[PDB]
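Trainee: Sharing final_9.cif, mmCIF, C-alpha atoms:
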```cif
data_entry
loop_
_atom_site.label_atom_id
_atom_site.label_comp_id
_atom_site.auth_asym_id
_atom_site.auth_seq_id
_atom_site.Cartn_x
_atom_site.Cartn_y
_atom_site.Cartn_z
CA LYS A 164 -23.20 31.15 -28.09
CA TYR A 165 -19.57 30.55 -29.04
CA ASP A 166 -16.70 31.09 -26.61
CA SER A 167 -13.57 29.54 -25.13
CA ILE A 168 -13.36 28.18 -21.59
CA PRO A 169 -9.97 28.85 -19.99
CA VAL A 170 -8.57 25.87 -18.10
CA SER A 171 -5.54 26.77 -16.00
CA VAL A 172 -2.57 24.41 -16.20
CA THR A 173 0.87 24.23 -14.58
CA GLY A 174 3.22 21.28 -14.84
CA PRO A 175 6.86 22.24 -14.25
CA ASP A 176 9.46 21.29 -11.60
CA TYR A 177 12.47 19.28 -12.83
CA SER A 178 14.19 18.25 -16.06
CA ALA A 179 10.97 18.67 -18.04
CA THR A 180 9.89 21.43 -20.42
CA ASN A 181 7.24 21.74 -23.13
CA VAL A 182 7.19 18.11 -24.28
CA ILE A 183 3.39 18.30 -24.52
CA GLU A 184 1.20 16.67 -27.17
CA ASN A 185 -1.91 17.78 -29.02
CA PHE A 186 -2.93 14.64 -30.94
CA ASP A 187 -2.78 10.97 -29.97
CA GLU A 188 -1.08 10.54 -33.36
CA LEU A 189 1.78 12.66 -32.00
CA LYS A 190 2.51 9.38 -30.16
CA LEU A 191 3.88 6.01 -31.25
CA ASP A 192 1.88 3.00 -30.11
CA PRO A 193 0.42 -0.36 -31.20
CA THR A 194 -2.08 0.19 -33.95
CA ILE A 195 -4.58 -1.94 -32.05
CA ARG A 196 -4.15 -0.03 -28.79
CA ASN A 197 -5.96 2.59 -30.76
CA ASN A 198 -9.06 1.15 -29.13
CA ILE A 199 -8.70 4.65 -27.75
CA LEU A 200 -10.86 5.95 -30.57
CA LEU A 201 -13.55 3.34 -30.01
CA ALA A 202 -13.35 4.39 -26.38
CA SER A 203 -14.42 7.77 -27.75
CA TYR A 204 -11.15 9.55 -27.01
CA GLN A 205 -10.94 11.97 -29.89
CA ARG A 206 -8.12 14.23 -28.68
CA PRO A 207 -5.86 14.57 -25.61
CA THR A 208 -7.44 16.27 -22.61
CA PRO A 209 -5.19 18.85 -20.88
CA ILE A 210 -4.07 16.41 -18.19
CA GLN A 211 -3.25 13.82 -20.87
CA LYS A 212 -1.30 16.25 -23.06
CA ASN A 213 1.02 17.07 -20.19
CA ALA A 214 1.14 13.76 -18.31
CA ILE A 215 1.43 11.09 -21.02
CA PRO A 216 4.82 12.28 -22.27
CA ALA A 217 6.07 12.54 -18.68
CA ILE A 218 4.81 9.04 -17.89
CA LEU A 219 6.29 7.72 -21.16
CA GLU A 220 9.65 9.02 -19.93
CA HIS A 221 9.62 6.78 -16.84
CA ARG A 222 8.95 9.78 -14.58
CA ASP A 223 7.04 9.85 -11.28
CA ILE A 224 4.12 12.23 -11.10
CA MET A 225 1.94 14.20 -8.69
CA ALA A 226 -1.02 15.38 -10.75
CA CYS A 227 -3.82 17.48 -9.30
CA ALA A 228 -6.95 16.99 -11.35
CA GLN A 229 -10.56 16.16 -10.64
CA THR A 230 -12.75 13.39 -11.99
CA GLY A 231 -13.81 14.04 -15.58
CA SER A 232 -10.54 15.40 -16.90
CA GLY A 233 -9.25 12.29 -18.65
CA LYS A 234 -7.14 11.13 -15.69
CA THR A 235 -7.79 7.42 -16.17
CA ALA A 236 -6.78 7.38 -19.85
CA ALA A 237 -3.75 9.50 -18.95
CA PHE A 238 -2.20 6.71 -16.85
CA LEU A 239 -3.62 3.59 -18.53
CA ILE A 240 -2.63 4.41 -22.10
CA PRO A 241 1.14 4.68 -21.63
CA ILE A 242 1.20 1.69 -19.28
CA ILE A 243 -1.13 -0.66 -21.18
CA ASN A 244 0.58 0.15 -24.48
CA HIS A 245 3.98 -0.60 -22.95
CA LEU A 246 2.83 -3.95 -21.55
CA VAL A 247 1.25 -4.98 -24.83
CA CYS A 248 4.41 -4.22 -26.78
CA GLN A 249 6.09 -7.03 -24.84
CA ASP A 250 3.05 -9.15 -25.73
CA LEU A 251 2.41 -12.45 -23.95
CA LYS A 258 -1.36 -19.90 -8.07
CA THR A 259 -0.20 -16.46 -6.94
CA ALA A 260 -0.75 -13.48 -9.26
CA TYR A 261 2.11 -11.11 -10.12
CA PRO A 262 0.70 -7.84 -11.55
CA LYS A 263 3.13 -5.77 -13.60
CA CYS A 264 1.07 -2.68 -12.87
CA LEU A 265 -1.06 -1.71 -9.88
CA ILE A 266 -3.68 0.99 -9.62
CA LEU A 267 -4.96 1.90 -6.16
CA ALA A 268 -8.48 3.31 -5.90
CA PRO A 269 -10.61 4.47 -2.93
CA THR A 270 -13.86 2.67 -3.75
CA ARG A 271 -15.09 -0.40 -5.57
CA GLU A 272 -16.96 1.97 -7.93
CA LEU A 273 -13.81 3.72 -9.10
CA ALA A 274 -11.95 0.41 -9.19
CA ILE A 275 -14.60 -1.09 -11.45
CA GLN A 276 -14.66 1.93 -13.78
CA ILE A 277 -10.87 1.74 -14.12
CA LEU A 278 -10.97 -2.00 -14.84
CA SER A 279 -13.53 -1.24 -17.54
CA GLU A 280 -11.41 1.43 -19.26
CA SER A 281 -8.44 -0.88 -19.12
CA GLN A 282 -10.52 -3.59 -20.74
CA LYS A 283 -11.62 -1.13 -23.45
CA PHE A 284 -7.99 -0.25 -24.10
CA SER A 285 -7.08 -3.96 -24.02
CA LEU A 286 -9.61 -5.15 -26.59
CA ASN A 287 -8.20 -7.89 -28.80
CA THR A 288 -4.95 -7.89 -26.84
CA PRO A 289 -3.31 -10.51 -24.57
CA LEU A 290 -3.55 -8.13 -21.59
CA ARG A 291 -5.25 -9.52 -18.51
CA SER A 292 -6.75 -6.94 -16.19
CA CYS A 293 -8.03 -7.82 -12.71
CA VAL A 294 -9.79 -5.95 -9.93
CA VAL A 295 -9.95 -6.52 -6.18
CA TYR A 296 -12.14 -4.67 -3.70
CA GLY A 297 -13.65 -5.01 -0.26
CA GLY A 298 -17.03 -6.66 -0.27
CA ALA A 299 -18.53 -10.00 -1.24
CA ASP A 300 -16.77 -11.67 -4.16
CA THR A 301 -14.46 -14.71 -4.30
CA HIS A 302 -14.63 -14.79 -8.09
CA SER A 303 -11.91 -12.17 -7.67
CA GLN A 304 -9.85 -15.01 -6.26
CA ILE A 305 -10.32 -17.08 -9.41
CA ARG A 306 -9.74 -14.11 -11.73
CA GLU A 307 -6.52 -13.71 -9.82
CA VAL A 308 -5.76 -17.43 -10.02
CA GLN A 309 -6.50 -17.33 -13.76
CA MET A 310 -4.86 -14.92 -16.13
CA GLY A 311 -2.66 -13.61 -13.34
CA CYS A 312 -3.41 -10.16 -14.66
CA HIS A 313 -0.63 -7.95 -15.87
CA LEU A 314 -2.71 -5.09 -14.47
CA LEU A 315 -4.57 -4.89 -11.16
CA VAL A 316 -7.03 -2.33 -9.85
CA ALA A 317 -7.71 -2.52 -6.13
CA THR A 318 -8.61 -0.78 -2.90
CA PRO A 319 -5.75 -0.66 -0.32
CA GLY A 320 -7.45 -2.84 2.27
CA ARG A 321 -8.42 -5.75 0.06
CA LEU A 322 -5.04 -5.72 -1.68
CA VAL A 323 -3.40 -6.16 1.73
CA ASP A 324 -5.79 -9.06 2.49
CA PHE A 325 -4.87 -10.74 -0.79
CA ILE A 326 -1.18 -10.07 -0.26
CA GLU A 327 -1.25 -11.40 3.30
CA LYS A 328 -3.12 -14.48 2.03
CA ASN A 329 -0.42 -14.98 -0.59
CA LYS A 330 -3.03 -14.60 -3.34
CA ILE A 331 -1.16 -11.66 -4.85
CA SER A 332 2.50 -10.69 -5.02
CA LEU A 333 3.88 -7.30 -6.09
CA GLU A 334 7.45 -8.50 -6.55
CA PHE A 335 7.21 -7.73 -10.26
CA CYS A 336 5.05 -4.61 -10.04
CA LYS A 337 6.98 -1.79 -11.65
CA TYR A 338 4.12 0.60 -12.36
CA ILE A 339 1.92 1.92 -9.61
CA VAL A 340 -0.79 4.58 -9.61
CA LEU A 341 -2.71 5.99 -6.65
CA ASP A 342 -5.98 7.34 -8.03
CA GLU A 343 -7.90 9.84 -5.90
CA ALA A 344 -5.09 9.78 -3.35
CA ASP A 345 -6.78 12.36 -1.15
CA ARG A 346 -9.88 10.21 -0.97
CA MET A 347 -7.83 7.23 0.17
CA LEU A 348 -6.14 9.09 3.03
CA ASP A 349 -9.46 10.54 4.15
CA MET A 350 -10.88 7.02 4.26
CA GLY A 351 -7.92 5.99 6.42
CA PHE A 352 -5.93 3.95 3.89
CA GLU A 353 -2.50 5.43 4.52
CA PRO A 354 -1.47 2.41 6.62
CA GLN A 355 -2.34 0.07 3.76
CA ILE A 356 -0.71 2.27 1.12
CA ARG A 357 2.46 2.54 3.22
CA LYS A 358 2.37 -1.24 3.60
CA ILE A 359 1.76 -1.93 -0.08
CA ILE A 360 4.31 0.63 -1.23
CA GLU A 361 7.19 0.17 1.19
CA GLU A 362 6.59 -3.20 2.84
CA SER A 363 5.59 -5.66 0.11
CA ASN A 364 8.80 -6.44 -1.81
CA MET A 365 7.51 -4.38 -4.72
CA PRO A 366 10.43 -3.36 -7.00
CA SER A 367 11.95 -0.09 -5.78
CA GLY A 368 14.10 2.82 -6.94
CA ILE A 369 14.63 3.20 -10.68
CA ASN A 370 12.72 -0.09 -10.98
CA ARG A 371 9.37 1.46 -10.05
CA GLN A 372 7.46 4.40 -11.47
CA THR A 373 4.92 5.93 -9.08
CA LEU A 374 2.11 8.24 -10.24
CA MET A 375 -0.28 10.17 -7.98
CA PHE A 376 -3.62 11.78 -8.86
CA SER A 377 -5.63 13.95 -6.48
CA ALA A 378 -8.28 16.62 -7.04
CA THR A 379 -7.02 18.38 -3.94
CA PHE A 380 -3.48 18.90 -2.61
CA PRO A 381 -3.65 18.92 1.25
CA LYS A 382 -0.56 18.76 3.48
CA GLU A 383 -0.99 14.99 3.93
CA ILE A 384 -0.99 14.46 0.15
CA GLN A 385 2.03 16.76 -0.07
CA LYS A 386 3.74 14.41 2.42
CA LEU A 387 2.62 11.15 0.80
CA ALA A 388 4.13 12.61 -2.35
CA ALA A 389 7.35 13.45 -0.50
CA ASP A 390 7.66 9.94 0.91
CA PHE A 391 6.78 8.10 -2.27
CA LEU A 392 7.66 9.94 -5.48
CA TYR A 393 11.16 10.54 -6.83
CA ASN A 394 12.07 13.83 -8.55
CA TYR A 395 8.41 13.94 -9.42
CA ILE A 396 6.82 16.24 -11.95
CA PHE A 397 4.05 18.38 -10.50
CA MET A 398 1.19 19.29 -12.78
CA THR A 399 -2.21 20.79 -12.02
CA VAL A 400 -5.23 21.20 -14.23
CA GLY A 401 -7.94 23.63 -13.26
#
```
Could you write out this file's structure as structure tokens?
Mentor:
Amino acid sequence: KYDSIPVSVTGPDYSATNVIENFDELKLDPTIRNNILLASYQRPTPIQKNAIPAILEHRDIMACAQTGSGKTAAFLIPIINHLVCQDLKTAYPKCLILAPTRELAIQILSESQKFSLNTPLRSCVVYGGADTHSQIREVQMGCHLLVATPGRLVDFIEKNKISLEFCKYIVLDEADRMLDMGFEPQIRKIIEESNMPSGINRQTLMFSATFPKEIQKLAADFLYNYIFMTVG
């Protein structure tokens, strides 16, 4: 009736030791951004305890973790909080999140909105399908944060609706799913062929439930001295 479930974790590789957290309070961030509690985040999930500090240190990351482990919050909290602490036609996202499906993309936009409550942050989403209101959302509050599928992003970029010349934070959610769906061309395009800030000017984070050879490569081509962490 009462026992502990053991969840395996491993997150070492470079200049990074036990810098983990246990409470969200262990972290410094805008009092309002503590919309985290209203979002029902009571404590840090394993992936968040090991990845948030790393992310907060401007480090790239290759995190293996499945859906339902707190992944989304892990990469939106540090980023959204940073953008809000600087508090505020073609759009120029400051952060980009790449998702496989419109479903994931919508869920991520929603969490971001939850975390953005009563903040100047403008979040936008773009995905294949039938919706030109995405065009207007993009024309409007040229979101500081964008959630999109690789193909539609490319369409919007090629149509000069969206520019990544100021995008310094990028996340590939469910990376394995995107390669399987055949998005590597788009991701390669978006990442290395779209004038997106490079080198120490960009922080790239990767999340995948699985770690195939292709994802091991993607990681080799795109992350820099990345921290590898796995949960489960």
Trainee: For the structure shown, which residues end up in the PyMOL selection byres ((chain A and resi 279) around 12)? Put them as a PyMOL selection string, please?
Mentor: chain A and resi 202+235-236+239+272-278+280-286+291-294+314-316
Trainee: Separation of CA of residue 229 in chain A and CA of residue 381 in chain A, in Å?
Mentor: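 Between CA of residue 229 in chain A and CA of residue 381 in chain A the gap works out to 14.0 Å.
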Trainee: Could you tell me which of A:179, A:344, A:191, A:248 comes closest to residue 214 in chain A if we count only C-alpha atoms?
Mentor: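 Smallest separation from residue 214 in chain A among the options: A:179.
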Trainee: What does the PyMOL selection byres ((chain A and resi 390) around 12) select in this file, as an MDAnalysis selection string?
Mentor: chainID A and resid 225 353 356:357 360:361 373 375 383:389 391:395
Trainee: Please, which residues in range 211-283 of chain A fall within 10 Å of range 296-307 of chain A when counting only C-alpha atoms, and what is the closest atom pair and distance in Å to one decimal for each, ordered by chain then residue number, as a Markdown table?
Mentor:
```
| residue | atom | partner | partner_atom | distance |
| --- | --- | --- | --- | --- |
| A:258 | CA | A:307 | CA | 8.2 |
| A:259 | CA | A:307 | CA | 7.5 |
| A:260 | CA | A:307 | CA | 5.8 |
| A:261 | CA | A:307 | CA | 9.0 |
| A:262 | CA | A:307 | CA | 9.5 |
| A:268 | CA | A:296 | CA | 9.1 |
| A:269 | CA | A:296 | CA | 9.3 |
| A:270 | CA | A:296 | CA | 7.5 |
| A:271 | CA | A:296 | CA | 5.5 |
| A:272 | CA | A:296 | CA | 9.2 |
| A:274 | CA | A:296 | CA | 7.5 |
| A:275 | CA | A:296 | CA | 8.9 |
```
Trainee: Would you work out the distance separating CA of residue 182 in chain A from CA of residue 226 in chain A, expressed in Å to one decimal?
Mentor: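 It comes out at 16.1 Å.
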Trainee: Would you list the contacts of residue 206 in chain A as a PyMOL selection string, taking every protein, DNA or RNA residue within 8 Å and counting all atoms listed in the file, but skipping same-chain residues closer than 2 positions in sequence?
Mentor: chain A and resi 185-187+204+208
Trainee: Could you give me, as a PDB file with C-alpha atoms, in the frame of the given file, the residues that have an atom at most 6 Å away from the point (-4.8, 13.9, -5.9) in the coordinates of the file, using only C-alpha atoms?
Mentor:
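Output contents, as saved in point_19.pdb:
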```
ATOM      1  CA  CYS A 227      -3.820  17.480  -9.300  1.00  0.00           C
ATOM      2  CA  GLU A 343      -7.900   9.840  -5.900  1.00  0.00           C
ATOM      3  CA  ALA A 344      -5.090   9.780  -3.350  1.00  0.00           C
ATOM      4  CA  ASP A 345      -6.780  12.360  -1.150  1.00  0.00           C
ATOM      5  CA  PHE A 376      -3.620  11.780  -8.860  1.00  0.00           C
ATOM      6  CA  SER A 377      -5.630  13.950  -6.480  1.00  0.00           C
ATOM      7  CA  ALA A 378      -8.280  16.620  -7.040  1.00  0.00           C
ATOM      8  CA  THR A 379      -7.020  18.380  -3.940  1.00  0.00           C
TER       9      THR A 379
END
```
Trainee: Give me, please, the distance in Å between CA of residue 211 in chain A and CA of residue 342 in chain A, quoted to one decimal.
Mentor: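 Taking CA of residue 211 in chain A as the start and CA of residue 342 in chain A as the end point, the length is 14.6 Å.
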Trainee: Determine the residue membership of the PyMOL selection byres ((chain A and resi 178) around 12) for the file above and supply it as a ChimeraX atom specification.
Mentor: /A:174-177,179-182,217,220,222,394-397
Trainee: Ranking A:338, A:359, A:350, A:310 by minimum distance to residue 325 in chain A and counting only C-alpha atoms, which one comes first?
Mentor: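 That would be A:359, the residue with the smallest distance to residue 325 in chain A.
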